[PDB]
Amino acid sequence: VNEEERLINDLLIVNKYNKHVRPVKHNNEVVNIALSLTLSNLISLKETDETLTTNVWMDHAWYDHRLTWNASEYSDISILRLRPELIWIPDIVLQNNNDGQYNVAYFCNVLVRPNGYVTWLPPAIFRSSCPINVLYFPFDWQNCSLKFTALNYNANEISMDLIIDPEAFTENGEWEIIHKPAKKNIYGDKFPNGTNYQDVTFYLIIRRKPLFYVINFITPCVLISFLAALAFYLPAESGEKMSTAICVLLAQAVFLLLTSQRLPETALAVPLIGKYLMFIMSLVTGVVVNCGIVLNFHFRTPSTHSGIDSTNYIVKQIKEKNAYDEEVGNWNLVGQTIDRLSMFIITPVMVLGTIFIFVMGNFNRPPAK
Amino acid sequence: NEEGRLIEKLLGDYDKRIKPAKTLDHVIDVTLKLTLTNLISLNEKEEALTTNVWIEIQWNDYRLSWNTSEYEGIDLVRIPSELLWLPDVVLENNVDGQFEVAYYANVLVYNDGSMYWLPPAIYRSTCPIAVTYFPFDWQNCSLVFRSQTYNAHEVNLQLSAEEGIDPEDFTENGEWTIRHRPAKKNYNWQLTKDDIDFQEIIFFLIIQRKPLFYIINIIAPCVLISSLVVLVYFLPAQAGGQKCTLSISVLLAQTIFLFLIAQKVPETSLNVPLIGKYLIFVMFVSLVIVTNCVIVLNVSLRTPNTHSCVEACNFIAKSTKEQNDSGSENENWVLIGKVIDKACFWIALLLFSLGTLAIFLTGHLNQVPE
Amino acid sequence: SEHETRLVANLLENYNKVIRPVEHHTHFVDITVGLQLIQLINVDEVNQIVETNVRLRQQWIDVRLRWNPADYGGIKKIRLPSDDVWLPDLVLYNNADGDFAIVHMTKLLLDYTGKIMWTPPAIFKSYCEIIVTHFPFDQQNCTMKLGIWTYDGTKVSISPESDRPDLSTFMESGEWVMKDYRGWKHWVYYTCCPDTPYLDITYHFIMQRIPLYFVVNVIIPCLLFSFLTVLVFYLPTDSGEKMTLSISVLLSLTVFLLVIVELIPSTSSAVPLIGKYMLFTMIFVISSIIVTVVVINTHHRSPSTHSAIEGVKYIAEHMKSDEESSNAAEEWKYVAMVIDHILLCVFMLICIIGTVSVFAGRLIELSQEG
Amino acid sequence: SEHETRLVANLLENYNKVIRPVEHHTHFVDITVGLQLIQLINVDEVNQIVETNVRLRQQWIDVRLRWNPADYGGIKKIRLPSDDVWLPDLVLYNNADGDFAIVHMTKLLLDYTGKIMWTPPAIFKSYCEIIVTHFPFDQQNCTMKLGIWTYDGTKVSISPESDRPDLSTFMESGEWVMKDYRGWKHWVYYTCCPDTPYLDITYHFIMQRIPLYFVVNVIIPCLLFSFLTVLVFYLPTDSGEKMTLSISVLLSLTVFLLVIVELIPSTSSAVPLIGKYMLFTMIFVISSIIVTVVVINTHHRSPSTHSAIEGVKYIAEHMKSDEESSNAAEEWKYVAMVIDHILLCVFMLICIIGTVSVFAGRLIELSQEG
Amino acid sequence: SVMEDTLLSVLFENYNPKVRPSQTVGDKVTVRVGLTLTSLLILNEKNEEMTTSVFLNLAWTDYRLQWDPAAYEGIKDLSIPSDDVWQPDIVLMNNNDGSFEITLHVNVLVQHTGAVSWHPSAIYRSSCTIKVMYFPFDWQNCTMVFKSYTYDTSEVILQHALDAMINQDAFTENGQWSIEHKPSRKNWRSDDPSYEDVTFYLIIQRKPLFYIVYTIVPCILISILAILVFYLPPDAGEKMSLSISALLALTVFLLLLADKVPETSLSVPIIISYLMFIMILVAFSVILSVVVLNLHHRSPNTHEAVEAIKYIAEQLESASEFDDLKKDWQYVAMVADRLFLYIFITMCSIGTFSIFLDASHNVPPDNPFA
């Protein structure tokens, strides 16, 4: 009763307090407002289109000079509640990531300190278009930049001063959070003739990539490669499996094509760089080429691919004669070339196969640099 | 005729949230009924549906019988939603989605205090169709709905025919069919042990489906398939030597086709409901097709290999002839096709049996529930 | 000035928005509908759903809105916002799948006399017949009824306004094409009740479907397959050396036909085409089936094909001769005389089936094209 | 009558709902909460989403609701509209994926004393771990914590009430099965702040998953593919004359299972499981590859099997003798002996690594079964 | 103090919220409209759908809000929620395919003598004619017409900033496309009394070069096996059968390609160009491989006494080798050479043609960037 009825009638929040009027002690420098950013969770990542759905605790602070109470308000309880419509609430806009209005971080219950200072901090399910670019894929995986602040007010109606991103990074993400710096600021611009709205700039530098696609995807390559590798070992052990060897090309071919087909599918869902996508398709082509090589190299050669005396001489004639045919073929066989073929298949597989993990490394060394 | 004064009189005392209950020990007389008009989504595997229900709402409140200036003026009045007792409807077992356009609509106040109202509602629900509803015998869809607010000691719902229909406006583009709709008006006491009964509205819907389109897509391929394998089976007796592998090419082709089927329609049942009986005949008549199929190669696998100076030399050459003959003889005792020919008739009648077992039984699982 | 404030305030005070301009017990509130689809955004024949542009021309009179020199004298006709107006609960009968979009908080015009128009720029969600009879070449007429939703011909009546085509603003991006559309009025009294019920505008959409791209891709792999099967006929009679070689094709091609089946039924499921369309493919595709199985079983149909010194010479020559015999036997197996028969046997068959497939194709194309 | 107007008017004036029945600087507001779960309409193991219904049994007290002969006297227990109540922003800590639905606009239980309860038939979408360890045979316990949202201990406190199972009303149509469900309370103060924070109810759902559908089809193609592999090994003995044929079936086989693994990734990522599982299939099947690698590589492992008149009689039989020892050479390689070791070598090794697959598989379920 | 309460009061005493800052029917209020684009997020180039985001900077003058000592001279600039001024309920004649997000109901910047500044960023669902003509290198332009959806230009005039401002001013860096220029022209179609919409031109250029690359490889790599199958005949005539295997293989491959192409344009289609001729290029390799297949088919076969025995021997061998020598005369390799070089002409001609068209397509239809 300590003037309580009278006093909250004095404040009348809505009626006596100007909620449509922001208590910035009138036209001056600004109401000292401060924002605090704490991610509570990251539910979805879209690397390809630079869009992220993430939850944040919108911790907000500013002193409501008309909020200061007396005994039957202040001291009656040095802390009490008052809804959004009865509390000045900063119009915090997610500067480059609010291209998706904020949810339940809107007009929510706020905390009333005793001497005007107020505290409003609810949950924000939001969507953002963070600095992915086609450079959010090299190993550094860029730095996702975001700015928060009270949209409406300027530098003479609002001043917002300034937590790791992995503090509530989602563990079900296909990426890795390496760092998350936080520093506020204020800034005018060229077309504006005055300074204004201060903001929470929070850069998130992350990284991502599976250690799983590598598993089932290179797996078939050394397996498949041994087929093409054996392909050339097999032309020796038994090149006579002509048609059947041919079958395997169809078969290793259809395998190759849609394998690449699964590749862009996951690709579009992921902006993949040009550097990596080529080593994949470049090398399967390496075999594709050698499958075509397989073709020709496997089917490439033009062919390998006194009366009684009179009569039997006829046969010795037919004898020798087609013995020339028979041999016209082994002429083509080309067998002392055999090992060199599969030797100069080994050498190149070694060259290229190495060239890749050689390149793997020559770029694996400098990032680790 | 006091038209102005009357309106202004009751509105003075007019009470919103209070029920037109004479007193408190005998509840009010509430009438309800539903005419189906749209069965928008049948996801039986998850047991849920969406329907535009005519929520026929009716009750009594003479709290406003009028005089010459309103009752007599016109025995009919259309007064706004928010202006009289409103049953917040929902289906106990079904309504899984708050009603849409089922409320906030113009009600009807005759002149004696009779109240009539009927908004249309598209909403979600969950009726049976629990590992059954795909047979030929149908699981009766049982939906009971009532106000989810107060309980029958103040509120009382009424109904009508429990014998007469869901097919009243059952959708013609449904992959199913209805044969009866029974409905009972009842009290509240369930398995869960709730008392103070709030009456509800039971909605039986035993309906049929299965108007197969996929049937003959399944029936002709299998016959073509069976024949294809019976090609594999009889074609060998007709086919040349370069046919053993010929037959193989078919196995490869035969099952490429097979599991592709195994991938096709399995998808079918996941997006829609499911049931194992019809499922059993297919995969196992299918596994037997596969069985005797690979059996065939194991059959075209079985057999051992089918899978004076003058005369001294005339002597020995006449030998290569008899010698190799002994060899070609090998071929003989090996490829005298008793097993193969018979394998044709083996699968043949086995074919007839697998088929008869199945289509005869499909005859039954359509004929008992017929 | 001119009773300025007295003008404006008086008007607010004695005027109840919710009141319906009822005039004695008779004519009901005469209100007319007039829909002009400016354009259509998207449709799904399968799910029979359309999102369309509609400017609803709504007319009615409120003799309470008539004025003198202090309202009409101010400025003849003027702009008054909706709110204050009694909005007919307009509803597409067997349609209505969605709320009117941009019907709310718009404005209307009042004349020096009273007459009011409410014509807010709508676009909404629709629901009209398509049945499995819409994608036909012979189309179906989308039956769409419109009229007053919760008020009767005694409280109110929705009437029509004029004739106009549906292809007047038909979407050129539609996978369908229009024939004509007409709309005539009607009053629905039900044998139920002896009362005189609501009025209604009935739309009839007569349009035939199928964009032509589909046309080309599908019939050409058929004449494609026609040639391989054509080769399936000519390859054997002109060369039985690659019978098995074709074994391959038979596998590669029915599977081609199998996979084309996934693609076009989803088309089937993507767009509702009258099933009688399906039988085209049915026998057509399936003859590829019955013909093969016979053609290739027949292809397959053949047993195995798919002094003393002088005497020495004659026991040896005799050996070469009866195997001589043998060779001719298996060739007496794969003859080239009837493979020619099957060639013309079926090619006439194909030119029959084919021209028979072209038959009903051509025939109702003699009806559709008209 | 009985202070009629004086009693309800006074109640509205000096009564407030924004406020909470705080009673001195102590135990907070005595909130009694509990789960009454009777239906689980939809959940996805993959996304770990759960849309179920649980009536939120709340129980706490507000003396201000106490009364005398003019409210208690009227009718013992009276149920007040919930509005008058300070409703907590309750929410699923690591869950809460959805708004509670059906809690608004409801009934509140008031007593002569003040006791009050309100069990709302709340239905909502949730979000709790299932991870890849959700559906094993050995289960995972989804940690579900619930408690006040934006209010700290200094103002409101909740506590469990009773133990009740999760299977008390668990889904019998679930693709899973329950073992146990426990719920204990606690208050969480954080090292951050010296303050006394919110209270919460933590549920733990312990239940094993996985229907057997995926199971039946993983192993059928395995045994069936092991039949063709078994054929793979046996053929060279019974029909090595079809080694190439064998090749065809490996292109067959390979593509089939390479395609089998396609299904896996879709299904697996379409329905969650702990990777440790696919590891079984991985090597076991890479084993059929590793083995066909060696076995058919080994299968093809072999060089090419993969007077004077008296004189020419001698040049001639010479011609024959040279070639004869030569044909002996290709058979010199296909010794038909190691073919039997390879099927037995691997038949045992597949019977053993199969029995190995069989091993951890059954060991793990001799762990699950438990 | 200086009549502060007074001013303050009178203002709110007389100020009208729902009124237009103009006096009667005239030149109206000249509102300034100008949007600084943020960026764009999704171009559905296939249905011509556009979801972008920009700032809605509006500004005109409220000579009804000019203040005095304290709010005018006290603080020349003050922020105040909109909701109090006519707001362009702007829709887009083509676009505006959906509602406003961050567009209306937000605070505004109000200057001393009445200037009004409102700068809200928003996401808007639009639809511009990017038609199925968003892929030709010559691309096309579009009409983006913004304007209100209940107001008619009679009580306000709309006016723009630049017209060159550009749309690449805030073009999405995430766009697989690019832009040349954005024209801005003010419009008032006379088909409606209401002066209205403003047309904004998109001279868009979208060049995402990514998979047509490995699409080329098929065409050419498939050619590898193609030229190969055309090269394999005089390379390994025995290609005879293996050849057919190639085309099964070659055809399935191209048909799967047929599979990914329709489903990929499924979201970003435009002119056929690429497909038009690769469709021909398709038909080309298709038929070329099939007629070469018929090239392959055309072969009906390919696809004293002592001394007497001798003499009988002399004739045996020689006699039939001519017969098989006849087969040589029949399957010589004239055609293969000639058409493998007709293969030379065909494939290198049709090759350098689409090579050319494609060549001509990227360079020739490139400059219409306007």
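Within each chain the numbering goes from 1 in written sequence order, not necessarily matching the entry, and residues lacking coordinates are not shown. To label them, take the chains in the order written and letter them from A, then take the ligands in the order written and number them from 1. The basis for every side-chain value is the complete set of non-hydrogen atoms in the structure, without hydrogens or water.

- Its PDB record attributes the structure to cryo-EM, giving the resolution as 42.00 Å.

### Description of the overall build of chain B
Next up, step 1: Secondary structure elements follow DSSP: runs of H or I of four or more residues count as helices, runs of E of two or more count as strands, with numbering from the N terminus. Helices and strands together make up the secondary structure of chain B, namely 6 helices and 12 strands.
Next up, step 2: Radius of gyration: over C-alpha atoms. The globule rule applied is 2.2 Å multiplied by the number of residues raised to the 0.38 power. Taking 370 residues into account, the globule formula puts the C-alpha radius of gyration at 21 Å, and chain B, at 37 Å, lies well above it.
Next up, step 3: Each principal axis of the C-alpha atoms in chain B carries an extent, and together these give about 150 × 35 × 30 Å.
Next up, step 4: Each of the 370 residues in chain B was classed as buried or not, and the buried ones make up 42%.
Next up, step 5: A 1.4 Å probe and the Shrake-Rupley method give the accessible areas. Residues count as covered only by the protein chains that appear here. Surface exposure of chain B reaches about 19,000 Å², of which carbon and sulfur atoms provide 61%.
Next up, step 6: When charges are counted, neither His nor the chain ends are considered; positive counts come from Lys and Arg and negative counts from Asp and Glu. Note that the charge is assigned to NZ on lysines, CZ on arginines, CG on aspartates and CD on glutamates. Separation between the mean location of the 27 positive side-chain charges and that of the 42 negative ones in chain B comes to 8 Å. Burial here depends on accessible area, computed with a 1.4 Å probe over protein chains only, as a share of the maximum for the residue type. Under 20% is buried, over 50% is exposed, and the range in between is partly exposed.

### Let's talk about the overall build of chain A
Next up, step 1: Along the backbone of chain A there are 7 helices and 12 strands.
Next up, step 2: A globule of 369 residues ought to have a C-alpha radius of gyration of about 21 Å, yet chain A, at 38 Å, is considerably larger.
Next up, step 3: Sorting the 369 residues of chain A into buried and exposed places 40% on the buried side.
Next up, step 4: About 19,400 Å² of surface is accessible on chain A, with carbon and sulfur atoms providing 61% of the total.
Next up, step 5: Averaging the coordinates of the 29 positive side-chain charges in chain A and doing the same for the 34 negative ones gives two points 4 Å apart.

### A look at the interface of chain D and chain A
Next up, step 1: On the chain A side, the residues contacting the 29 residues of chain D number 31 residues.
Next up, step 2: Where chain D abuts chain A, roughly 2,400 Å² becomes buried across the two surfaces, and 66% of that area is made up of carbon and sulfur atoms.
Next up, step 3: Buried area counts how much accessible surface, traced with a 1.4 Å probe, disappears from two parts once they are put together, with both parts' losses summed. Of all residues in chain D, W149, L251 and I309 of chain D give up the largest surface area on contact with chain A, accounting jointly for 21% of the area buried on that side.
Next up, step 4: Every case where a carboxyl oxygen of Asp or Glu lies within 4 Å of a side-chain nitrogen of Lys or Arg is listed as a salt bridge. Scanning the region where chain D abuts chain A turns up 2 salt bridges.
Next up, step 5: The partner of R262 of chain A in a salt bridge is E262 of chain D, and the shortest N-O contact between them spans 2.5 Å.
Next up, step 6: Two N or O atoms count as a polar contact when they lie within 3.5 Å, although within protein this holds only if one can serve as hydrogen donor and the other as acceptor, and sequence-adjacent residues are included solely when both atoms are side-chain atoms. Run the count over chain D and chain A and you get 4 residue pairs in polar contact.
Next up, step 7: Listing elements by their share of the side of chain D that touches chain A, those giving two or more residues are helix 4 (243–270), helix 5 (278–300) and helix 6 (308–333) of chain D.
Next up, step 8: Broken down by element, the residue count for the side of chain D that touches chain A peaks at 8 residues, all from helix 4 of chain D.
Next up, step 9: Residue type decides the class: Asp, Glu, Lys and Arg count as charged, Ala, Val, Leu, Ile, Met, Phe, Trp, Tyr, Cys and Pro as nonpolar, and the leftover types, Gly among them, as polar. Its residues assigned to classes, the side of chain D that touches chain A shows 16 nonpolar, 8 polar and 5 charged. We call two residues in contact when some of their heavy atoms are within 4.5 Å.

### What about the packing of helix 4 (residues 243–270) of chain C against helix 5 (residues 278–300) of chain C?
Residues and elements named next belong to chain C.
Next up, step 1: With axes taken as lines fitted to C-alpha atoms, and helix axes fitted only over the stretch in contact, angles between N-to-C directions fall between 0 and 180 degrees. Their axes nearest at 12 Å, the elements helix 4 and helix 5 cross at an angle of 165°. Between helix 4 and helix 5, the angle falls in the class roughly antiparallel. Of the two elements, helix 4 crosses helix 5, and the hand of that crossing is left-handed. Contacts between helix 4 and helix 5 involve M243, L250, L253, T254 and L257 from the former and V285, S288, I289, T292, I296 and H299 from the latter.
Next up, step 2: Considering only residue class, the contact of helix 4 with helix 5 consists of 7 nonpolar, 4 polar and no charged. Roughly parallel refers to an angle under 35 degrees, roughly antiparallel to one over 145, roughly perpendicular to one between 65 and 115, and oblique to any angle outside these ranges. Here is the rule for handedness: rotate from the far helix to the near one, and if that takes an anticlockwise turn smaller than a right angle the crossing is left-handed, while a clockwise turn gives right-handed.

### Details of the packing of aromatic side chains
Next up, step 1: Note on ring pairs: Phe, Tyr and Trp rings are taken, using the six-membered ring of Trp, and paired if centres are within 6.5 Å. Classes follow the plane angle, with under 30 degrees stacked, over 60 edge-to-face and the rest tilted. By the definition in use, this model includes 63 aromatic pairs over all chains.
Next up, step 2: Ring centres of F232 of chain A and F297 of chain A lie 5.0 Å apart, and the angle between their planes is 65°; on these two criteria the pair is classed as edge-to-face. Note that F232 of chain A is positioned in helix 3 (residues 213–238) and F297 of chain A in helix 5 (residues 274–299), a separation of 65 residues in sequence.
Next up, step 3: Owing to a relative accessible area of 28%, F297 of chain A belongs among the partly exposed residues under this scheme.
Next up, step 4: Through a chain of ring-to-ring contacts, three or more aromatic side chains come together here, namely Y136, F137, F139, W141, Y276 and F363 of chain A.
Next up, step 5: The rule is short: NZ of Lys or CZ of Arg within 6 Å of the ring centre and within 35 degrees of the ring normal puts a charge over the ring. Sitting above the plane of the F137 of chain A ring, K209 of chain A keeps its charged end 5.4 Å from the centroid.
Next up, step 6: Above the face of the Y150 of chain B ring, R79 of chain D is positioned so that its terminal group lies 4.6 Å from the ring centre.

### Re the side chain of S159 of chain A
All names here are of chain A.
Next up, step 1: Secondary-structure assignment places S159 in strand 9 (residues 159–161).
Next up, step 2: On the basis of relative accessible area, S159 is assigned to the buried category, the value being 14%.
Next up, step 3: Contact partners of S159, with chain neighbours within four places excluded, come to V30, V31, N32, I33, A34 and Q198.

### Section: the UniProt feature "transmembrane region" (unreviewed entry) in chain A
All names here are of chain A.
Next up, step 1: According to UniProt, the "transmembrane region" (unreviewed entry) feature falls on residues 211–234, 246–264, 276–297 and 341–361.
Next up, step 2: Overall, residues 246–264 shows 100% helix and 0% strand. The separation of its end C-alpha atoms is 28 Å.
Next up, step 3: Along residues 341–361 the backbone is 100% helical and 0% strand, and the end-to-end C-alpha distance reaches 29 Å. UniProt positions are given in the numbering used here, feature names are shortened, and annotations may be inferred rather than shown by experiment.

### Examining the state of the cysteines
Next up, step 1: For this text, the term disulfide refers to a pair of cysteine sulfurs within 2.5 Å. Scanning the entire structure with this criterion turns up 7 disulfides over all chains.
Next up, step 2: One disulfide bridge connects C130 of chain A with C144 of chain A, the sulfur atoms lying 2.0 Å from each other. Because the sign of the S-S torsion sets the handedness, a value of about 85° for the bond joining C130 of chain A and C144 of chain A places this disulfide among the right-handed ones. Of this pair, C130 of chain A sits in the loop between strand 7 (123–128) and strand 8 (144–150) while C144 of chain A is found in strand 8, placing the two residues 14 residues apart along the sequence. Accessibility assignment for this pair places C130 of chain A and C144 of chain A in one class, buried.
Next up, step 3: For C128 of chain D, the disulfide goes to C142 of chain D, at an S-S distance of 2.1 Å. Across the S-S bond of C128 of chain D and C142 of chain D the torsion is about -105°, and the bridge reads as left-handed.

### As for the sheet that holds strand 2 (residues 37–44) of chain E
All names here are of chain E.
Next up, step 1: Spatially, the 4 strands line up as an open sheet ordered 2-3-10-7, and their pairing is antiparallel. The outermost strands of the open sheet, each flanked by one partner alone, are strand 2 and strand 7 (100–101).
Next up, step 2: Alignment of strand 2 against strand 3 (residues 49–55), held across 6 bridges, turns out to be antiparallel. Considered in strand 3, the bridge of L43 is made with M50. Any two strands with at least two DSSP-identified bridges between them are counted as paired.

### Focus: the UniProt feature "transmembrane region" (unreviewed entry) in chain B
Next up, step 1: UniProt feature "transmembrane region" (unreviewed entry): in the numbering of this structure it lies at residues 212–234, 246–266, 278–301 and 343–365 of chain B.
Next up, step 2: In residues 212–234 of chain B, the share of helix is 87% and the share of strand is 0%. The end C-alpha atoms are 32 Å apart.

### Observations concerning the pattern of salt bridges
All names here are of chain B.
Next up, step 1: Inspection of every chain in the model, using the stated rule, returns 36 salt bridges over all chains.
Next up, step 2: Note that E154 and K19 form a salt bridge whose closest N and O atoms lie 3.5 Å from each other. Separated by 135 residues along the polypeptide, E154 in the loop between strand 7 (143–147) and strand 8 (157–158) and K19 in the loop between helix 1 (3–13) and strand 1 (30–43) bring together distant segments of the chain. One exposure class covers both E154 and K19, and it is buried.

### A word on a negative patch on the surface
Next up, step 1: Together, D325, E326 and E327 of chain A together with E321 of chain E make up a region of like negative charge exposed at the surface.
Next up, step 2: Structurally, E321 of chain E can be placed in helix 5 (residues 305–330).
Next up, step 3: The exposure class of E321 of chain E is partly exposed, given its relative accessible area of 37%. Patch definition: residues above 30% relative accessible area lacking any salt bridge, with like charges linked at up to 9 Å and the nonpolar side chains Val, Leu, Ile, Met, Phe, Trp and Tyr linked at up to 5 Å.

### Things to note about unusual backbone geometry
Next up, step 1: A positive phi is found at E2 of chain B, a non-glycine position, where the angle reads about 50°.
Next up, step 2: For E2 of chain B, the position within the fold is in the segment before helix 1.
Next up, step 3: For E2 of chain B, a relative accessible area of 38% translates into the label partly exposed.
Next up, step 4: If you check the backbone angles, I102 of chain E has positive phi at about 75° while not being a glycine.
Next up, step 5: Here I102 of chain E is to be found in the loop between strand 7 and strand 8 (107–111).
Next up, step 6: When its relative accessible area of 17% is taken as the criterion, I102 of chain E is described as buried.

### Here's the deal with helix 5 of chain E
Next up, step 1: Working rule for helices: expected span equals 1.5 Å times residues minus one. Taking 1.5 Å per residue, 26 residues should reach 38 Å; helix 5 of chain E reaches 37 Å between its end C-alpha atoms and fits that length.
Next up, step 2: Within the span of helix 5 of chain E, buried status applies to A305, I309 and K310 of chain E.
Next up, step 3: Of the surrounding secondary structure, the elements contacted by the buried residues of helix 5 of chain E are helix 6 (307–333) of chain A together with helix 6 (308–331) of chain C.

### Some thoughts on the domain arrangement of chain B
Residue and element names in this part refer to chain B.
Next up, step 1: With domains assigned, chain B is organised as domain 1 (3–209) and domain 2 (215–367).
Next up, step 2: In this structure, domain 1 and domain 2 have C-alpha centres spaced 63 Å apart.
Next up, step 3: Interface area, domain 1 with domain 2, both sides summed: about 800 Å², of which 69% is carbon and sulfur.
Next up, step 4: In this structure, the connection of domain 1 to domain 2 is made through 0 salt bridges.
Next up, step 5: Counted by class, the side of domain 1 that touches domain 2 contains 4 nonpolar, 2 polar and 2 charged residues. Note: domain ranges come from an automatic or database domain assignment.

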